[PDB]
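[1] Need a 3D model of the following:
(one chain, ligands or ions: 3)
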Amino acid sequence: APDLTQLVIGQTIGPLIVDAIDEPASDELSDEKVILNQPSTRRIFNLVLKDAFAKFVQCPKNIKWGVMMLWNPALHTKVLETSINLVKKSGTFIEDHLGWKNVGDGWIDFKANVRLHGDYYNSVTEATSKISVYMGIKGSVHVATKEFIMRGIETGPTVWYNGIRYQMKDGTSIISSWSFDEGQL
Ligand SMILES: [Hg+2]
Ligand SMILES: [Hg+2]
Ligand SMILES: [Hg+2]
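    Numbers count the residues shown, from 1 in each chain. Ligands and ions are numbered 1, 2, ... in the order given. I have put the structure below:
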(Lines give C-alpha, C1' and ligand atoms only; values in the text may rest on other atoms or scores of the structure.)
(Ligands and ions follow the chains in the order given, each with its own letter.)
Protein backbone atom coordinates (compact mmCIF):
# COMPACT_ATOMS: atom_id res chain seq x y z
CA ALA A 1 0.00 0.00 0.00
CA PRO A 2 1.63 3.35 -0.97
CA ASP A 3 1.68 6.19 1.59
CA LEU A 4 -0.36 8.94 -0.07
CA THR A 5 -0.74 11.12 3.05
CA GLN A 6 2.21 13.51 2.75
CA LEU A 7 2.02 14.68 -0.94
CA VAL A 8 2.70 18.01 -2.59
CA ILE A 9 1.41 19.57 -5.81
CA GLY A 10 3.49 18.49 -8.81
CA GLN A 11 5.01 15.38 -7.18
CA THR A 12 5.22 12.07 -9.00
CA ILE A 13 3.99 9.10 -7.00
CA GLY A 14 4.08 5.69 -8.68
CA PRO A 15 2.43 6.08 -12.13
CA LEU A 16 0.72 9.35 -11.15
CA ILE A 17 1.29 13.03 -10.67
CA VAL A 18 -0.40 15.14 -8.03
CA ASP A 19 -2.37 17.94 -9.65
CA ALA A 20 -4.05 19.30 -6.48
CA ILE A 21 -4.25 18.59 -2.78
CA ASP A 22 -7.08 20.79 -1.42
CA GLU A 23 -10.44 19.22 -2.24
CA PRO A 24 -13.31 21.79 -2.52
CA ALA A 25 -32.67 12.88 3.29
CA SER A 26 -35.88 14.69 2.22
CA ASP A 27 -39.13 12.65 2.32
CA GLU A 28 -40.02 14.08 -1.14
CA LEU A 29 -37.43 11.94 -2.98
CA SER A 30 -39.09 8.77 -1.60
CA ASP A 31 -42.71 9.75 -2.25
CA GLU A 32 -44.02 8.08 -5.44
CA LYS A 33 -46.66 10.88 -5.61
CA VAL A 34 -43.93 13.50 -5.87
CA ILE A 35 -42.03 11.36 -8.39
CA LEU A 36 -45.26 11.03 -10.39
CA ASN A 37 -45.99 14.74 -10.35
CA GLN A 38 -42.49 16.17 -10.99
CA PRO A 39 -39.85 15.91 -13.76
CA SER A 40 -37.47 13.18 -12.69
CA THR A 41 -34.71 10.99 -14.04
CA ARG A 42 -33.03 7.82 -12.75
CA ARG A 43 -29.42 7.56 -13.93
CA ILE A 44 -26.27 5.51 -13.36
CA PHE A 45 -22.97 7.34 -12.98
CA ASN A 46 -20.54 4.63 -14.17
CA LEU A 47 -16.88 5.37 -13.53
CA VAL A 48 -14.04 3.25 -14.88
CA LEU A 49 -10.55 4.17 -13.72
CA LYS A 50 -7.38 3.27 -15.59
CA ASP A 51 -5.74 0.07 -14.37
CA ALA A 52 -2.45 1.73 -13.46
CA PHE A 53 -4.25 4.17 -11.13
CA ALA A 54 -6.58 1.57 -9.63
CA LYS A 55 -3.86 -0.99 -8.93
CA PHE A 56 -1.46 1.60 -7.45
CA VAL A 57 -3.85 3.24 -5.00
CA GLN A 58 -5.62 -0.10 -4.38
CA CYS A 59 -9.09 1.12 -5.32
CA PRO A 60 -11.29 -0.97 -7.67
CA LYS A 61 -11.50 0.02 -11.27
CA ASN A 62 -15.26 0.25 -11.64
CA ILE A 63 -17.44 2.32 -9.29
CA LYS A 64 -21.15 3.04 -9.97
CA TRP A 65 -23.81 5.21 -8.37
CA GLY A 66 -27.50 4.69 -9.12
CA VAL A 67 -29.11 8.11 -8.62
CA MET A 68 -32.27 10.10 -9.08
CA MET A 69 -32.69 13.78 -9.89
CA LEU A 70 -36.01 15.53 -9.44
CA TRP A 71 -37.12 19.08 -10.29
CA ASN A 72 -39.42 20.49 -7.62
CA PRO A 73 -40.10 24.23 -7.30
CA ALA A 74 -35.23 23.25 -6.92
CA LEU A 75 -33.03 20.39 -8.17
CA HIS A 76 -33.15 17.49 -5.71
CA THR A 77 -30.62 14.64 -5.85
CA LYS A 78 -30.42 11.24 -4.21
CA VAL A 79 -28.38 8.03 -4.30
CA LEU A 80 -30.65 5.02 -4.71
CA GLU A 81 -27.96 2.29 -4.90
CA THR A 82 -24.22 1.88 -5.33
CA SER A 83 -22.03 -0.79 -6.83
CA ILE A 84 -21.07 -3.50 -4.43
CA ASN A 85 -17.45 -2.15 -4.27
CA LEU A 86 -18.62 0.94 -2.32
CA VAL A 87 -19.37 0.66 1.39
CA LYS A 88 -23.11 0.09 1.72
CA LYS A 89 -25.16 3.32 2.18
CA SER A 90 -21.99 5.49 1.95
CA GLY A 91 -22.98 6.99 -1.44
CA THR A 92 -24.06 10.60 -1.61
CA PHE A 93 -25.10 12.84 -4.50
CA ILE A 94 -25.32 16.57 -3.77
CA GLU A 95 -26.24 19.69 -5.76
CA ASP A 96 -24.06 22.60 -4.65
CA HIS A 97 -25.24 25.32 -6.98
CA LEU A 98 -27.82 25.76 -9.69
CA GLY A 99 -28.54 28.30 -12.44
CA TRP A 100 -31.67 28.19 -14.61
CA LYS A 101 -33.82 30.17 -16.96
CA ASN A 102 -37.19 29.95 -18.67
CA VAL A 103 -36.63 29.34 -22.39
CA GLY A 104 -40.28 29.31 -23.46
CA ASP A 105 -42.78 26.65 -24.50
CA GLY A 106 -42.80 25.94 -20.74
CA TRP A 107 -39.21 24.62 -20.79
CA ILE A 108 -36.48 25.47 -18.28
CA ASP A 109 -32.78 25.08 -19.12
CA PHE A 110 -30.46 24.62 -16.14
CA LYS A 111 -26.82 24.08 -15.24
CA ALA A 112 -25.82 22.59 -11.91
CA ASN A 113 -22.64 21.86 -10.02
CA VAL A 114 -23.00 18.46 -8.39
CA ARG A 115 -20.82 15.99 -6.57
CA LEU A 116 -20.85 12.28 -5.88
CA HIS A 117 -19.12 10.66 -2.95
CA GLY A 118 -18.61 7.20 -1.65
CA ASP A 119 -16.39 5.21 0.67
CA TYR A 120 -14.21 2.27 -0.27
CA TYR A 121 -12.86 -0.21 2.25
CA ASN A 122 -9.57 -1.96 1.49
CA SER A 123 -9.75 -5.41 3.12
CA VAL A 124 -5.90 -5.87 3.19
CA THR A 125 -5.03 -2.51 4.85
CA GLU A 126 -8.43 -2.32 6.71
CA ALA A 127 -8.60 1.36 5.78
CA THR A 128 -11.52 3.31 4.32
CA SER A 129 -10.92 5.80 1.50
CA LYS A 130 -13.14 8.57 0.15
CA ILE A 131 -13.94 8.87 -3.57
CA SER A 132 -15.31 12.20 -4.81
CA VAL A 133 -16.55 13.15 -8.32
CA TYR A 134 -17.27 16.76 -9.20
CA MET A 135 -19.15 17.65 -12.36
CA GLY A 136 -21.18 20.44 -13.92
CA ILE A 137 -24.33 19.14 -15.63
CA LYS A 138 -26.74 20.74 -18.06
CA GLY A 139 -30.37 19.77 -18.40
CA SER A 140 -33.81 20.84 -19.52
CA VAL A 141 -37.13 20.31 -17.74
CA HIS A 142 -40.81 20.60 -18.77
CA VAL A 143 -42.98 20.60 -15.64
CA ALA A 144 -46.29 20.24 -17.46
CA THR A 145 -45.27 17.03 -19.30
CA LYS A 146 -42.85 15.95 -16.47
CA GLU A 147 -39.96 15.61 -18.91
CA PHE A 148 -36.38 15.80 -17.61
CA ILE A 149 -33.65 15.85 -20.28
CA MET A 150 -30.01 15.50 -19.26
CA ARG A 151 -28.12 17.47 -21.89
CA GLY A 152 -24.61 16.43 -20.80
CA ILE A 153 -21.65 17.11 -18.53
CA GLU A 154 -19.90 20.46 -19.26
CA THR A 155 -17.19 20.51 -16.57
CA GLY A 156 -15.51 17.44 -15.11
CA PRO A 157 -16.05 14.73 -14.17
CA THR A 158 -13.14 15.35 -11.85
CA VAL A 159 -12.15 12.57 -9.46
CA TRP A 160 -10.54 13.15 -6.07
CA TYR A 161 -9.28 10.16 -4.11
CA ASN A 162 -8.61 10.63 -0.38
CA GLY A 163 -8.67 14.38 -1.03
CA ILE A 164 -5.99 14.33 -3.77
CA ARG A 165 -6.54 15.13 -7.47
CA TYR A 166 -4.29 12.86 -9.57
CA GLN A 167 -3.39 12.65 -13.23
CA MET A 168 -1.35 9.96 -14.94
CA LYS A 169 2.37 10.71 -15.17
CA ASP A 170 1.93 11.76 -18.79
CA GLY A 171 -0.72 14.37 -17.85
CA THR A 172 -3.70 12.35 -19.05
CA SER A 173 -6.80 11.59 -17.02
CA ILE A 174 -6.95 8.77 -14.52
CA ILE A 175 -10.42 8.01 -15.96
CA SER A 176 -10.64 5.29 -18.62
CA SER A 177 -14.29 5.95 -19.30
CA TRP A 178 -17.46 7.25 -17.71
CA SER A 179 -21.15 7.39 -18.44
CA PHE A 180 -24.25 9.05 -16.99
CA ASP A 181 -27.01 7.19 -18.87
CA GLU A 182 -30.58 6.59 -17.78
CA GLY A 183 -31.00 3.47 -15.72
CA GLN A 184 -30.90 1.88 -12.30
CA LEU A 185 -28.65 -0.66 -10.61
HG1 LIG B 1 -11.19 4.69 -6.49
HG1 LIG C 1 -27.79 24.98 -4.65
HG1 LIG D 1 -11.32 6.54 -7.55
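
[2] Residue 85 and residue 137, how far apart?
    Going from residue 85 to residue 137 by C-beta to C-beta, to the nearest Å gives 23 Å. Every residue, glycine included, has its C-beta placed from N, CA and C.

[3] For the two, indicate the residue with more neighbours.
    When neighbours are counted by other C-beta atoms under 10 Å, residue 85 and residue 137 differ, and residue 137 comes out ahead with 23 against 15.

[4] Can you name the helix or strand that the closest residue to that one other than its chain neighbours falls in?
    Using C-beta to C-beta, 6 or more residues apart in numbering and skipping the chain neighbours, the partner closest in space to residue 137 is residue 112 (5.2 Å). Per DSSP states H and E, residue 112 falls inside strand 107-122.

[5] Show me what that strand is packed up against.
    Contacts defined by 3 or more C-beta pairs under 8 Å, 6 or more residues apart in numbering; DSSP states H and E place strand 107-122 against strand 62-71, strand 75-82, strand 92-104, strand 127-142, strand 147-161.

[6] Show me what counts as buried in it.
    Going by neighbour count (16 or more other C-beta atoms under 10 Å), the buried part of strand 107-122 is 107-108, 110-120.

[7] Ok, stretch 40-57 next?
    In stretch 40-57, counting by 16+ other C-beta under 10 Å, buried: 40-47, 49-50, 53-54, 56-57.

[8] Which ones among those map onto strands?
    Secondary structure defined by DSSP state E assigns 40-47, 49 of those to strands.

[9] and the buried residues of stretch 40-57 as TSV, adding distance to ligand 3?
    Below are the buried residues of stretch 40-57 laid out as TSV (distance: C-beta to the ion, whole Å):
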residue	distance to ligand 3
40	28
41	24
42	23
43	19
44	16
45	12
46	13
47	7
49	5
50	10
53	7
54	7
56	11
57	7
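
[10] so what's residue 40 closest to, chain neighbours aside?
    residue 70 (4.4 Å).

[11] that older thread, farthest pair within the buried residues of stretch 40-57?
    40 and 56 (38.6 Å; C-beta to C-beta).
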